[PDB]
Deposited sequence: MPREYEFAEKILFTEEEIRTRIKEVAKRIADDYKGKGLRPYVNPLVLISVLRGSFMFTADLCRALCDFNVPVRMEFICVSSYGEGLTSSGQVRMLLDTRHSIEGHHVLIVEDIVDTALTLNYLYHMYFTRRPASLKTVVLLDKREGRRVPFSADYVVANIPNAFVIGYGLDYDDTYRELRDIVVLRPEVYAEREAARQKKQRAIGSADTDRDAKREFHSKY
């Protein structure tokens, strides 16, 4: 019964999301069952890639607790300059000798996940896997597969549940698709204010 004037439709609802997550969670706890996870010494370190995945991470770990999987929360922040490769915040502690699970919001071209994967993989972790809230499969620019996928979606601009558009709509409880209407009406006013060529460097 939720509606968003700015959305063209609705891909998943809060509850639908909760279910798939609870599902993959269980599937994650089962794969690590024989790895000997332990609080304090051998936790499953979750590298939460800010900022798209903040919501998915909140719920994801809680679900993982329901299946008694000790985890350690790590938060890194990446950005774009393609692919979000500019590192703005790295992990708080070492990941060496630990089992790590990179938590990404949505893998599209995979340029980011691919980059983050090899990056941390070279930091000798006990093992490295990946989990993404959404997979766009048909958008890859490099070959990359996420160990765990919450849902596969068709190429479209999604927002909500942590996902965003110009830092907007992250707070939605549901995963909806931005109306191309707003995309245009919005960037046209953004790419405008941006071009405020204030470069008043009048040297001469």
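> Quickly check which stretches of the deposited sequence aren't in the model, judged by C-alpha, and list them in order.
According to the record, the gaps fall at 1, 83-88, 212-221.
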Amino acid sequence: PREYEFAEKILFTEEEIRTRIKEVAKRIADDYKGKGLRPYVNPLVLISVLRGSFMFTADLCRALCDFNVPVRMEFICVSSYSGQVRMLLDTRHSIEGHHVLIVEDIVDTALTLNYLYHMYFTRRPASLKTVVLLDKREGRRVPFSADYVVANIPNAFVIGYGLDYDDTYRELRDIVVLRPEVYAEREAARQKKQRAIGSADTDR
From here on, numbers count along this sequence of modelled residues.
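> Comparing 138-146 with 166-174, which stretch shows the greater average C-alpha B-factor in the deposited entry?
The entry gives the higher C-alpha B-factor average to 138-146.
> For the higher mean C-alpha B factor in the entry, choose 14-22 or 191-199.
Mean B over CA atoms: larger for 191-199.
> Determine which member of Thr130, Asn114, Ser94, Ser82 has the highest CA B-factor, using the values in the deposited entry.
Highest C-alpha B-factor among the listed residues goes to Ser82.
> Which one of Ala29, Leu44, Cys61, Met55 shows the biggest C-alpha B-factor in the PDB entry?
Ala29 has the highest C-alpha B-factor of those listed.
> Classify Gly34 as lowest, middle or highest third according to the C-alpha B-factor given in the PDB entry, relative to its own chain.
Highest third.
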